[PDB]
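Working through the structure, step by step
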Amino acid sequence: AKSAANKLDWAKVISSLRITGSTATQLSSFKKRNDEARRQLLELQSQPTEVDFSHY
Amino acid sequence: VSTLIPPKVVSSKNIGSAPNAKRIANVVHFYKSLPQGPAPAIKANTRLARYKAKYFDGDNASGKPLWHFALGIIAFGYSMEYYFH
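For this coordinate set, the PDB header names cryo-EM as the determination method and states a resolution of 4.4 Å.

Structural data, given as structure tokens:
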């Protein structure tokens, strides 16, 4: 799941505070969040491919 | 996308910190200091390191050597008074 990944991600953001050079490290993390969130809405969008040839 | 690798290299918070200058100082200063010393007062040892020990220690500013040395000069010219008499 995403939640293991995200706990480690946001914890690492608050660790990234304690250094500087996370200039685009955090931007890579944001991108990883984006596409992760994209698959989750993807999985919610899906309908079974075949028509319901029972009714329709 | 994959988190960047700058945080996995450190060699600019390890040499890039101000107390490093103090560290290399106080590893030399303190490590190489004998915790205790030899003896505070000992100059003129011939039973006159004892004179120093009683009078010229930093444990006293007592007026006794002053008195003693003064009395010496009184003894010096006074004896010579009776030598010149």
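1. Remarks on the overall build of chain B
Helix and strand counts for chain B stand at three helices and zero strands. Computed over C-alpha atoms, the radius of gyration of chain B comes to 31 Å, more than 25% over the 12 Å expected from 2.2 N^0.38 for 85 residues, which places it beyond the range of a compact globule. When its C-alpha atoms are laid out on the principal axes, chain B stretches across 110 × 20 × 20 Å.

2. Points about the overall build of chain A
What chain A contains, in helices and strands, is two helices and zero strands. Its C-alpha atoms give chain A a radius of gyration of 18 Å, more than 25% over the compact-globule value 10 Å for 56 residues. Along the longest, intermediate and shortest principal axes, the C-alpha atoms of chain A span 60 × 20 × 10 Å.

3. Details of unusual backbone geometry
Residue and element names in this part refer to chain B. Phi is positive for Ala44, which is not a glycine, with a value near 85 degrees. For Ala44, the location among the structural elements is in the loop between α1 (19–29) and α2 (49–55). Although it is not a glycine, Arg47 adopts a positive phi angle of roughly 85 degrees. In this fold, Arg47 is placed in the loop between α1 and α2.

About the thresholds
Residues numbered from 1 in each chain as written, not as in the entry; some residues may be left out. Chains lettered and ligands numbered in written order. Part of a larger assembly, values for the part shown. Heavy atoms only, no water. Residues with missing side-chain atoms left out of burial classes, pairs and counts. Helix = DSSP H or I, 4+ residues; strand = E, 2+ residues; numbered from the N terminus. Rg over C-alpha atoms; globule rule 2.2 N^0.38 Å.

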